[PDB]
Structures are given as C-alpha cells and as structure tokens.
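Report on the following structure.
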Amino acid sequence: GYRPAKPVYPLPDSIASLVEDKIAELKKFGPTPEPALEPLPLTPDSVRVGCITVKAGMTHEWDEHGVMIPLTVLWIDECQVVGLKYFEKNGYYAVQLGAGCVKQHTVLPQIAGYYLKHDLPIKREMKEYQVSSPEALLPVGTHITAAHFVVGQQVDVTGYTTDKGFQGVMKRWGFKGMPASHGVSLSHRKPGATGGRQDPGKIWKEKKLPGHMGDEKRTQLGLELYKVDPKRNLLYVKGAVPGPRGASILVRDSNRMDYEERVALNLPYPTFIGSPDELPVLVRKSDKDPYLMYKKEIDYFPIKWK
Amino acid sequence: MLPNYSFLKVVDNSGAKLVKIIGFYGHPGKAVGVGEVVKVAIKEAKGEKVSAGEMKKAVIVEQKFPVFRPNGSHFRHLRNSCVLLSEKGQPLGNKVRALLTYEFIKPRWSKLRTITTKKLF
Amino acid sequence: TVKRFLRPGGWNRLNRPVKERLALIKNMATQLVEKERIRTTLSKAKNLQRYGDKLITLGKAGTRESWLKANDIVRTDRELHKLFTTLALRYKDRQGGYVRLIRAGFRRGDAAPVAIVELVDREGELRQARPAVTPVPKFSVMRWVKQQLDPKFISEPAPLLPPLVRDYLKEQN
Amino acid sequence: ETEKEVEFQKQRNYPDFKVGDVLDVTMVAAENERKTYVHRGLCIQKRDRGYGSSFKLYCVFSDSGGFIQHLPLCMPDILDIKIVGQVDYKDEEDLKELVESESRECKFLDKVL
RNA sequence: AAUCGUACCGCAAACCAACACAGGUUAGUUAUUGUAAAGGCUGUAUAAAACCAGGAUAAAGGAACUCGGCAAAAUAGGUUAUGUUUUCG
RNA sequence: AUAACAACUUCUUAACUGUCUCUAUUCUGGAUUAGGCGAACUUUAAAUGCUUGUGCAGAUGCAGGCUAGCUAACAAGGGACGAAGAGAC
RNA sequence: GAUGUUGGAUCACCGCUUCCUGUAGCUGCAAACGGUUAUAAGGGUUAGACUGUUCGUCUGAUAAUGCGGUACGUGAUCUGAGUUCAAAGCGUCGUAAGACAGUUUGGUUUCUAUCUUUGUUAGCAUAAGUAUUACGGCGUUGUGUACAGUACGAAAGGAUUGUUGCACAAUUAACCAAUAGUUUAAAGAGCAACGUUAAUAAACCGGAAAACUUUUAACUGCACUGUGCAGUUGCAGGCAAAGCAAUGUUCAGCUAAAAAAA
Ligand SMILES: [K+]
Ligand SMILES: [K+]
Ligand SMILES: [K+]
Ligand SMILES: [K+]
Ligand SMILES: [K+]
Ligand SMILES: [K+]
Ligand SMILES: [Mg+2]
Ligand SMILES: [Mg+2]
Ligand SMILES: [Mg+2]
Ligand SMILES: [Mg+2]
Ligand SMILES: [Mg+2]
Ligand SMILES: [Mg+2]
Ligand SMILES: [Mg+2]
Ligand SMILES: [Mg+2]
Ligand SMILES: [Mg+2]
Ligand SMILES: [Mg+2]
Ligand SMILES: [Mg+2]
Ligand SMILES: [Mg+2]
Ligand SMILES: [Mg+2]
Ligand SMILES: [Mg+2]
Ligand SMILES: [Mg+2]
Ligand SMILES: [Mg+2]
Ligand SMILES: [Mg+2]
Ligand SMILES: [Mg+2]
Ligand SMILES: [Mg+2]
C-alpha cells in the first residue's frame with residue numbers, strides 16, 4: 001500500500017500568486033500531434049509495435065519433409081490504437097493499443113469515459129508500446145491485424161501462466177525429499193533444514209518454501225511463426241505458449257533477430273497498409289534437411305576408435 | 001532407455017551370452033538407448049574368444065522402450081540386446097541374429113550392416 | 001446450475017463412500033416420486049435434482065431396457081408403477097427441466113443451507129411453470145426463423161395417438 | 001480439425017479396418033532416401049480421435065522375436081492400406097497373452113521392396 | 001410343606017481400570033457346502049490446499065537403496081525317477 | 001567334533017519387487033472451511049527489527065552504520081543460550 | 001534449579017590460500033603435452049565395491065573431481081550403525097565384591113508456535129487506468145565435432161583463431177496436439193514426465209512512485225474452499241439424431257415486459 005499522507009499548509013499571501021502563475025505555465029500544452037500513415041524506411045535501431053491476441057489451443061501438422069510440427073493457435077479479435085504519448089506532455093513517445101470488447105454497464109465509469117470521449121468501443125485490455133521517434137506514431141483508430149507479421153520470422157510471447165494453487169517444495173521447487181523407508185518418521189515430503197545455528201541466526205530472504213504457484217508473468221523468446229491466415233486473423237506458432245485457453249498474449253518481434261535478418265524479411269513499417277481480406281494463407285519454407293545425419297556424420301559421438 | 005547396471009543379451013556368435021553395463025562414455029544422461037556404445041562385463045560365456053570376468057565394449061541394438069521417429073511414429077522390441085565390439089570399433093563375431101533398424105544406416109556401421117541377417121530398411 | 005466435479009460422472013461426494021453414496025441417492029429419489037416435494041440440505045438437493053431429471057427420462061422411454069435400469073433405482077413397486085404410467089404421460093412434451101430447486105435459508109442447529117426440490121407441473125406446485133410447448137405468434141420473426149432452421153418445430157401439444165395411427169386403425173376396422 | 005480432415009480424405013482412401021485384422025501397409029522410409037517398403041502385421045489397437053487417429057501393428061520374426069509399431073493414420077508417409085486376413089481372439093486379456101507369447105504371427109518373414 | 005436368592009446391567013455407557021476409557025473379564029448354547037435362520041445395532045453441514053496416516057495402480061531398469069533386502073513384492077500347494085548326509089528314526 | 005532343532009548372530013544363491021535411478025496419479029480418514037461444545041504445558045513487566053563493535057569473554061533492550069503503511073490468517077521451524085524434570089557424567 | 005555425541009540424509013550463506021572453465025608474462029616453450037608467477041570466485045566439482053565411520057585403498061567414466069569457516073553449519077526437520085546405563089560370553093588382572101582405559105551379541109529418540117526471522121494470502125487505510133526513470137531480485141553454462149592432417153616439424157606427432165557453424169548434456173522457464181502412467185456413479189476429462197518447445201542476454205522478473213488521462217471521484221454477487229479471460233437470447237444444469245466443459249435447444253434457477261394511431 002501507500003504511506004500515510006503528508007501534511008499540507010496554505011501558502012503565504014506574498015507567494016501564492018507567483019506559485020499559481022508558474023504552475024499553470026508549466027501545465028499549458030500545445031496542439032496534439034497528428035500522425036500520418038505512410039511507409040517509412042527501417043533503421044538499425046527501430047522498434048515496431050506488438051499486438052494483443054487470445055490463446056486458442058494446440059494442434060499439429062506435417063511439413064513438406066513429412067515431420068510432425070506441434071502448433072499453438074493465436075487469434076486476433078480487434079486491436080486498435082487508442083491513444084498516444086509524446087515528449088511535450090509525457091517526456092517520451094509511445095503508442096497505446098487496446099483489444100477486446102465489453103458492455104458499457106459492466107465496467108467502471110472511469111474506464112468507459114476515456115473510450116466514449118473519442119468514439120471508440122470499450123476494450124477489455126490496454127497495453128503500451130514505446131516508439132523511437134514521433135514519425136513512428138500511428139493515427140488513433142488504426143487496426144493491427146495478422147498481416148503485421150511476415151511468415152517465417154521469430155516472435156516473443158508473454159502472458160500469465162496457469163494457476164496451480166498451494167503447492168509444496170517437491171512440486172514447486174523440485175526438492176528431493178527424504179527416504180520412504182529405513183526409519184523415516186513423518187518427514188517424507190518436508191523441506192528439511194532451513195538454516196544453521198546461532199550464526200547467522202536467521203533465515204535469508206527468498207528462501208524456498210511452500211506457497212501459491214502458477215499465476216505469474218513469463219516470456220518465451222525465439223518462437224517460429226509457421227503459418228499466417230490474414231483473412232481470419234490467425235497465427236500459428238511452433239512451440240509452447242504460457243497460459244491456459246483464453247489467456248491474453250502479447251506478440252512482438254523477437255530481440256534475438258539481428259538487423260540484417262529484419263531487412264531480409266522486409267517487415268512492414270510502421271505497419272501494413274492495405275486490406276488484409278484479399279490475402280492468401282502462407283506457410284514458411286525451410287531449406288534444411290532433417291535427415292542429413294543419415295548421409296553425413298554430423299551427430300554427437302564421444303568415442304574415438306583405435 | 002537403459003539405466004546403468006542393466007543386463008543385456010548378446011546376439012552375436014562370439015560366445016558371450018549375458019553382460020552387464022558398468023559404465024558410459026561422454027555425456028549421454030542417466031540412460032542410454034539404441035546406437036550408443038557402453039562398457040560391459042561378461043557374466044556368462046561359453047567359448048574361447050571371450051571368458052567370464054572380462055570387460056568389453058558393446059553397442060545397443062534392441063530395446064523394449066519406445067524409439068521415436070521425426071514423423072511421429074515409434075516402435076518397440078521385446079528384448080534388450082547388444083553386440084560386442086573391439087577396441088578398433090569392429091564386431092568380435094561374423095553373424096548377428098537381430099533386426100537392424102534405421103539407426104544403423106549411418107556410415108559408421110557398415111560392418112554391422114553386412115553381417116546382419118534381417119534388416120528393417 | 002449444478003457444479004461438475006472431477007470424479008467419474010461429475011457428481012457430488014456427499015461426504016460418503018461411493019457405496020453408501022449410491023444407497024442414499026436411490027432412497028431419496030424414491031421419496032421424491034412418492035411425495036413430489038422434499039426439503040433437505042443444499043448438496044443433497046443439487047445431486048437429487050440432476051439425478052431426478054435422469055430418472056424421469058427413463059420413464060418417458062417406456063422400453064424394456066429402460067425399465068430394467070429403473071428397477072434397480074426405485075425401491076418400491078408402487079413408486080415404479082407411477083413413474084412409467086402417470087409421470088410418463090405428464091411430461092410427454094416437456095424437454096428437460098422436470099425438477100426445480102429454490103433455496104430456503106439456513107437451519108437452526110448447525111446452520112446448514114437448505115432448499116426445496118419439487119416437480120414443475122402439477123396441482124399444488126409452488127409456482128406456475130411455463131407451458132411445455134411455447135406458442136409462436138403467427139406474424140413474428142420467430143415463426144419465420146423456425147421454418148428456415150427446424151421445419152418440424154412443435155407449437156401445440158400433440159394427441160396421444162397421432163393421425164397416422166388413427167388412420168391405420170380406421171382402415172383396419 | 002475438420003477442414004484438414006476433409007483435405008486428407010480427398011487425397012487418400014483407406015478401408016475401415018478393425019482390431020484383429022491382418023493388414024498390408026505401404027510406407028516410405030525417409031531415413032533410407034525415401035524408399036518404399038510393404039509391411040504385413042496384425043492390428044492390435046485402434047484409436048478413433050479424428051485427425052489424431054492411430055493404430056498399432058504387430059509382427060513376429062523367425063529368430064528376432066516380436067516387433068511393434070505405432071503409426072499415425074493421417075501421416076503422409078503411409079501410401080496404402082489393405083486387409084488380407086483375420087485372427088480370432090476372445091478378449092483383451094487373450095490378445096495380450098498372444099502378443100507376449102510370440103506364436104503363429106509370422107505372416108511374412110521380412111519386408112518387401 | 002419352613003427359611004434365603006428371583007427386578008435391571010453382565011465383551012459392558014451399569015463389573016475391574018479416577019471417565020459413557022480402542023484395555024481386562026469365567027462357563028453353557030444357536031444358523032452357515034462356495035455361505036449364513038433368528039436376534040441385535042445406526043453417523044453435525046460441504047469440498048477440485050500444502051502436509052500426515054492406512055490402501056490401490058504404474059512405462060523402462062531390478063538392491064544400483066541402506067549400518068543391514070528395514071519395509072514391500074513374489075506359483076505360494078501336491079507326486080516324483082535319481083544323488084547326498086545321518087545318531088538309520 | 002557332531003545328524004536333527006532355532007521369531008539367535010554372519011555370509012551367499014534363486015526369484016521378486018516404488019528400497020532405489022525418479023517419482024506421478026488416486027481412494028478412505030485427519031488437517032483445512034462453517035455452526036455447536038470446550039482442555040493443557042507456559043507467563044517478573046513489555047509498545048519485543050538487521051549488522052558490526054562492546055561486555056560474567058556468542059545482545060530484541062548498551063555504542064556506531066542502517067531500517068517508515070496497519071492488524072492478522074494459512075504454511076515452514078534458524079534464534080529467543082525455546083518448554084518439560086533443584087545434572088545421571 | 002541440564003548450552004543433546006560421531007558420521008550421514010535434506011537444504012544452505014560466506015572467504016580465496018584456484019581442481020576445471022578465463023586473462024597476461026617467463027621458460028632448459030619447434031608443434032603437442034607441460035613447468036612456474038601475477039590476476040580472476042559467475043557456473044561446475046561423477047556413479048560404485050570394502051569399512052558405523054571422517055579418513056583411506058581400489059574399479060568404469062569425467063572439462064575437472066579444490067581447501068576452509070559457519071556451536072569441527074544443520075535431531076522443537078529425519079536417521080541411531082559407532083560411542084556412553086541395566087543382560088550375557090571370552091581373554092588378562094584381583095583371595096573376593098569386582099575392574100579393562102580390550103573385544104563380542106542385544107538394548108524406549110517427547111513438544112498443538114506467544115515474540116523475532118522467512119514463504120504465500122486476505123481485510124483495513126488517499127478514486128481508477130496507462131506508466132518514462134529510479135530501486136530491488138536473477139546471473140549471461142559446459143563437452144564433442146567441422147572449417148585442417150592445414151601452421152609447426154627430418155620423421156613421428158599435431159595446433160592457434162572465432163559476437164563461428166552443427167549435435168548433445170546439465171540448469172532454468174513454461175507447455176499438453178501427439179506418446180507413456182493414473183480414476184469405474186469414466187473419459188478425445190483433469191493432473192502428470194519417461195513426452196514437447198525455448199534461452200547463453202545491458203535479456204528477464206517484483207513492488208513503490210513523478211507525470212498524464214478519465215470519473216456524478218470508484219467499492220457484493222452466477223452452489224464458488226479449481227478457474228470465470230461468463231452478468232439476462234448470460235450460463236460447463238436438463239434435453240437431442242451431437243465431436244459430450246464443443247454444436248443445437250421451446251424446459252429449470254438467478255432478474256417479467258409493453259403507450260394507442262399516422
Ligand atoms: K536473500
Ligand atoms: K502452449
Ligand atoms: K439421461
Ligand atoms: K531363537
Ligand atoms: K523456531
Ligand atoms: K582457475
Ligand atoms: Mg523419493
Ligand atoms: Mg516415534
Ligand atoms: Mg511414513
Ligand atoms: Mg514399475
Ligand atoms: Mg550397495
Ligand atoms: Mg474435517
Ligand atoms: Mg555481539
Ligand atoms: Mg542490535
Ligand atoms: Mg544440582
Ligand atoms: Mg588469488
Ligand atoms: Mg565444511
Ligand atoms: Mg556440528
Ligand atoms: Mg535444531
Ligand atoms: Mg553388566
Ligand atoms: Mg570371565
Ligand atoms: Mg584368579
Ligand atoms: Mg531382537
Ligand atoms: Mg490442461
Ligand atoms: Mg450437460
């Protein structure tokens with residue numbers, strides 16, 4: 001929580017007028033910027049905006065080489081720019097994105113007030129992405145769709161994991177426990193020692209003990225984008241994604257990729273301009289042989305003969 | 001998936017019948033499978049080439065644990081067996097009564113691929 | 001609605017082993033048929049409501065297979081006869097929801113919650129239930145929609161003997 | 001799932017086999033330069049789970065003993081399936097006993113092609 | 001032919017253990033092939049933590065556990081040609 | 001020395017197994033949640049942080065350097081030279 | 001008027017006098033393998049036979065199997081094999097009762113947490129949302145192989161270098177389409193690893209808070225001791241020919257609706 005409020009005092013009559021004039025001057029702002037939607041060149045240090053999606057589940061498919069690929073399906077319902085931040089008023093440039101849809105009578109008036117004032121639907125989630133220059137700002141209302149990504153790139157995913165409840169040390173931290181037999185008495189699954197004696201004389205912070213487990217923010221890096229379906233706003237990603245079904249997931253261009261890789265992919269920047277409806281379904285192509293080890297010695301073999 | 005100190009049946013004609021794993025090579029983990037080379041001790045042998053109490057190298061050829069392929073399928077045997085090898089990496093026999101699988105299509109197992117009777121590929 | 005659990009069938013445990021659990025529920029189901037209204041604890045009422053609906057379904061079936069299953073549930077011959085004859089004709093057109101549950105506060109001694117379970121169409125009913133077959137206005141969007149999706153929608157109660165059976169009997173005699 | 005199943009059915013047409021039938025399955029070995037082989041064996045387990053359907057094939061050899069394979073049904077590596085015979089059994093316990101005691105399951109001693 | 005016992009509890013909430021005590025307490029009788037006649041008795045309201053106790057099932061390996069095969073598991077039963085040891089049983 | 005015998009101590013073989021590599025799931029009861037009923041060890045006085053230094057020579061309470069929302073619940077057991085019995089050696 | 005013994009199980013914090021993975025000189029350093037000095041404590045430091053052991057000897061692998069402090073860390077967390085009570089045997093000593101500081105077999109391990117320390121969660125206290133910066137936590141690992149039989153060298157032998165490429169192991173983070181195990185008021189359920197995906201970084205995670213924005217300054221509840229990313233054509237109930245927490249749906253419960261005419 002917060003600390004108790006500090007006392008306040010009225011200002012002397014010889015200083016009150018001066019303070020108010022200066023405070024008002026600092027709080028006076030100029031006109032809001034008007035972003036323009038136009039393609040821009042990509043520079044060595046230039047970050048794009050992400051997107052807010054919903055986790056659907058897992059499936060599998062076979063690729064051109066006949067290999068089974070596990071996939072996770074992400075759906076983008078409706079993602080729009082709902083606000084902007086700029087240096088004059090906030091000190092830095094950022095873009096605010098919202099997704100989802102809720103009914104007016106199920107949210108607080110404070111939340112609904114912001115969206116109604118700009119003629120936007122009340123959205124369930126809101127998240128901010130920081131940009132590098134004012135020219136990277138997007139006009140309010142712009143849609144972020146599945147066409148924002150290029151099939152075959154790498155992405156990062158973030159979300160809250162599945163709740164597990166109150167769990168012990170063996171399941172929560174992987175402690176070994178104690179023997180099942182040979183005289184053990186009522187301590188099969190207990191953590192054992194938690195300290196020493198008079199020195200140091202206390203228990204250290206963050207000592208591993210039982211507690212609640214499963215609802216925390218986690219990020220997976222370097223996942224591969226396998227298939228894209230712009231018309232239905234679907235993304236197929238190889239690997240596991242944190243969270244249960246319906247979890248809110250943030251998708252971003254992976255930081256593991258170098259500038260050269262981004263140039264080769266020719267990623268849209270600032271975003272895709274056009275109608276995503278008239279786009280086909282694409283599957284990435286891998287120029288690799290998963291069965292090369294049967295023709296050439298590339299595998300791991302520790303023994304040297306002779 | 002065979003842990004250390006497991007018993008194996010010999011499927012070559014070198015004379016050995018029963019061996020026990022006593023060590024691993026490299027860093028294979030806590031268990032070994034088909035295609036790995038291990039160190040074994042001979043427990044029961046009837047022949048002049050080998051005798052009980054010796055230590056030899058061997059290669060795992062069959063196992064009861066599932067062996068997974070990239071296409072999603074797997075197969076299983078009903079026994080665990082191995083073939084004894086020399087220090088130069090060659091078999092100590094000339095006839096192997098076992099079913100060779102895809103693991104031995106690799107170039108380093110040419111000799112085994114010649115003396116084996118039945119092959120799955 | 002009734003909560004679903006992780007055990008086989010998703011039923012309540014009623015704080016009993018499975019053997020005693022089944023003996024208890026069968027007895028209460030027999031009494032519900034006899035008296036049509038019972039007051040008990042919330043957990044036993046929720047389990048009885050879902051179990052009672054599935055017992056009425058067997059009666060509506062009116063088959064040899066259904067009777068064999070019910071004969072192992074009902075404890076009295078009189079209650080079993082009523083289920084297949086009286087209740088079967090009562091709920092011909094009602095599709096589910098043959099039992100209702102209304103909460104009635106807390107008890108005195110152990111302060112446990114209680115509820116009342118009752119059948120949904122009879123004399124002495126707590127409330128008046130909606131008709132088994134919903135009437136459809138002649139000039140409503142609902143009528144047009146049902147025609148496009150389900151041409152075999154039932155709008156009024158049907159007679160015990162349909163016209164095809166009546167026609168066959170007339171031709172025979 | 002249903003969209004992928006529809007496409008698969010347009011590409012392949014397999015018979016409706018059951019447990020206890022003897023099958024001949026044509027497969028491609030990606031390890032061995034994508035060569036074609038024909039396997040004959042007994043069907044011991046069949047799972048009907050839509051696009052994840054699979055079955056198990058069992059066979060016995062002259063000296064090496066029993067051999068079991070688990071095969072996805074919609075895997076593209078499989079090219080054809082045919083029914084060639086039937087083996088009678090009483091129940092699951094009888095079938096399991098037959099598998100453990102290798103006997104009268106040596107339809108073909110080796111693989112063709 | 002007078003005199004004393006006859007109610008009630010009696011493997012138990014009524015007797016010996018400070019208790020409505022998981023302990024202790026003699027004899028006589030009864031149904032029952034794979035079962036079992038008579039008679040007798042009966043639990044505040046729920047559930048999808050950790051942990052503890054008493055059970056069940058378990059891939060591949062099978063004493064690698066440990067002071068120690070502790071505990072658990074295990075075709076456990078019957079008949080044998082032949083051989084060994086005996087104080088000859 | 002010795003046949004037989006042994007809930008005696010020692011070593012080995014066969015088989016078997018969650019003893020173990022390495023654990024997972026689950027049933028019954030307690031814990032845990034709610035109503036009713038209703039104990040015990042203990043208690044100089046308390047509004048009872050860390051660290052180094054000091055000192056009847058190992059500090060919640062003394063000196064320096066640090067530490068600022070409040071009261072509890074469920075859980076673990078480092079310290080209070082923790083409780084029990086006027087040390088048996 | 002009592003500070004529980006040796007060794008181990010389980011889980012730890014710190015020093016550097018560095019065993020391995022690093023950096024820079026010298027060499028009786030051609031290469032390879034070494035020797036020695038200075039500097040460096042992020043990660044790692046193996047599975048077994050004998051022995052109650054610490055220690056010690058040995059076996060197969062390993063990049064390597066470092067030392068010390070912490071009541072010779074750790075029994076209100078476990079173990080009781082040794083040592084250290086009452087029984088008994090043997091040897092030696094004593095006339096004897098008995099003794100060993102010798103050996104052998106057997107021999108009870110209590111505690112419901114008030115204060116402080118630590119892991120989680122709720123209520124209360126200044127409306128809610130987005131939140132630069134700051135502060136705190138975590139620690140960026142290791143082996144083999146290819147680039148090469150090339151540099152070096154009479155021959156033999158045999159490299160350096162890399163924000164290198166590839167395969168594998170440990171650790172950490174999640175995940176449940178498929179594979180293995182598990183429940184009979186059953187199953188294409190749920191939870192799980194023996195299964196799958198990812199990481200070698202100015203990355204990742206936690207709480208306070210400036211500023212900004214919105215408001216008539218906000219504030220229970222779906223049986224709610226799993227989750228509500230479900231609040232009234234809302235729903236994991238019922239019912240159907242249906243993939244069975246999905247699709248369809250007239251019933252049940254919470255929460256019933258409309259001016260006439262032009
Ligand atoms: K700490
Ligand atoms: K996932
Ligand atoms: K039913
Ligand atoms: K004895
Ligand atoms: K304590
Ligand atoms: K070093
Ligand atoms: Mg364990
Ligand atoms: Mg005890
Ligand atoms: Mg125990
Ligand atoms: Mg097992
Ligand atoms: Mg041992
Ligand atoms: Mg309870
Ligand atoms: Mg001090
Ligand atoms: Mg102090
Ligand atoms: Mg004294
Ligand atoms: Mg140093
Ligand atoms: Mg130490
Ligand atoms: Mg100590
Ligand atoms: Mg202690
Ligand atoms: Mg004595
Ligand atoms: Mg004597
Ligand atoms: Mg004498
Ligand atoms: Mg004894
Ligand atoms: Mg799940
Ligand atoms: Mg239902």
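Residues are referred to by chain and number: the chain letter is A, B, ... according to the order shown in the structure tokens, the number counts from 1 in that chain, and ligands are numbered separately from 1 in the order shown.
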Within 6 Å of chain D: each chain B residue with its shortest pair, only C-alpha atoms, as CSV:
residue,atom,partner,partner_atom,distance
B:73,CA,D:71,CA,5.1
B:74,CA,D:70,CA,5.4
B:75,CA,D:69,CA,4.2
B:76,CA,D:68,CA,5.3
B:77,CA,D:67,CA,5.1
B:78,CA,D:66,CA,6.0
B:98,CA,D:64,CA,5.2
Any chance you can output those residues with N, CA and C atoms as a compact mmCIF listing (two decimals), in the first residue's frame?
# COMPACT_ATOMS: atom_id res chain seq x y z
N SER B 73 5.88 -41.52 -35.41
CA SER B 73 5.71 -42.93 -35.10
C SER B 73 6.85 -43.42 -34.21
N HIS B 74 6.66 -44.62 -33.65
CA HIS B 74 7.69 -45.26 -32.85
C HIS B 74 7.49 -46.77 -32.92
N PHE B 75 8.50 -47.51 -32.48
CA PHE B 75 8.46 -48.96 -32.47
C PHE B 75 9.13 -49.47 -31.20
N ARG B 76 8.83 -50.73 -30.86
CA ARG B 76 9.35 -51.34 -29.65
C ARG B 76 9.70 -52.80 -29.93
N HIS B 77 10.74 -53.28 -29.25
CA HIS B 77 11.12 -54.68 -29.28
C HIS B 77 10.63 -55.36 -28.00
N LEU B 78 10.87 -56.67 -27.92
CA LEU B 78 10.53 -57.46 -26.74
C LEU B 78 11.76 -57.99 -26.03
N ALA B 98 19.65 -60.50 -35.37
CA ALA B 98 18.84 -59.40 -34.87
C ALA B 98 18.26 -58.63 -36.05
10 Å contact set for stretch 32-45 of chain C, only C-alpha atoms (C1' of nucleotides), chain neighbours under 6 positions out, as a PyMOL selection string: (chain C and resi 2+12-15+24-25+51-52+55-56+74+76+78-80+82-83+87+99-107+112-120+122+124-126) or (chain E and resi 45-46) or (chain G and resi 223)
Close residues, residue B:72 itself excluded, 12 Å, only C-alpha atoms (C1' of nucleotides), min 3 positions apart in chain, as a PyMOL selection string: (chain A and resi 60-62+66-70) or (chain B and resi 66-69+75) or (chain D and resi 52-54+69-77) or (chain G and resi 177-179+195-196)
Protein and nucleic acid residues within 10 Å of ligand 11 (only C-alpha atoms (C1' of nucleotides) and all ligand atoms) as a list in words: residues 63, 64, 65 and 66 of chain E; 48 and 49 of chain G
Contacts with ligand 25 at most 8 Å, only C-alpha atoms (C1' of nucleotides) and all ligand atoms counted, listed as a ChimeraX atom specification: /G:236-238,244
Restrict the selected residues to N, CA, C and O atoms (P, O5', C5', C4', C3', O3' and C1' of nucleotides) and save them as a PDB file, in the first residue's frame.
ATOM      1  P     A G 236     -20.977 -22.295 -17.900  1.00  0.00           P
ATOM      2  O5'   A G 236     -21.283 -23.474 -18.929  1.00  0.00           O
ATOM      3  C5'   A G 236     -22.328 -24.413 -18.688  1.00  0.00           C
ATOM      4  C4'   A G 236     -21.840 -25.831 -18.842  1.00  0.00           C
ATOM      5  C3'   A G 236     -21.897 -26.669 -17.575  1.00  0.00           C
ATOM      6  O3'   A G 236     -22.093 -28.044 -17.904  1.00  0.00           O
ATOM      7  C1'   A G 236     -19.631 -26.342 -18.214  1.00  0.00           C
ATOM      8  P     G G 237     -23.566 -28.599 -18.228  1.00  0.00           P
ATOM      9  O5'   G G 237     -24.454 -28.107 -17.001  1.00  0.00           O
ATOM     10  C5'   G G 237     -24.435 -28.795 -15.760  1.00  0.00           C
ATOM     11  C4'   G G 237     -25.816 -28.906 -15.159  1.00  0.00           C
ATOM     12  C3'   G G 237     -26.814 -29.773 -15.913  1.00  0.00           C
ATOM     13  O3'   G G 237     -26.660 -31.157 -15.648  1.00  0.00           O
ATOM     14  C1'   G G 237     -27.833 -27.723 -15.331  1.00  0.00           C
ATOM     15  P     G G 238     -26.746 -32.236 -16.838  1.00  0.00           P
ATOM     16  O5'   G G 238     -28.286 -32.258 -17.243  1.00  0.00           O
ATOM     17  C5'   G G 238     -29.281 -32.703 -16.334  1.00  0.00           C
ATOM     18  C4'   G G 238     -30.664 -32.313 -16.794  1.00  0.00           C
ATOM     19  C3'   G G 238     -31.117 -32.900 -18.123  1.00  0.00           C
ATOM     20  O3'   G G 238     -31.634 -34.214 -17.992  1.00  0.00           O
ATOM     21  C1'   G G 238     -31.581 -30.576 -18.075  1.00  0.00           C
ATOM     22  P     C G 244     -15.782 -35.515 -27.386  1.00  0.00           P
ATOM     23  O5'   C G 244     -17.057 -34.904 -26.651  1.00  0.00           O
ATOM     24  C5'   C G 244     -17.106 -33.531 -26.273  1.00  0.00           C
ATOM     25  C4'   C G 244     -18.155 -33.290 -25.217  1.00  0.00           C
ATOM     26  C3'   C G 244     -18.002 -34.133 -23.954  1.00  0.00           C
ATOM     27  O3'   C G 244     -18.510 -33.411 -22.831  1.00  0.00           O
ATOM     28  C1'   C G 244     -20.047 -34.663 -24.998  1.00  0.00           C
TER      29        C G 244
END
Test item: residues no farther than 8 Å from ligand 1, counting only C-alpha atoms (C1' of nucleotides) and all ligand atoms, as a ChimeraX atom specification: /A:204-207
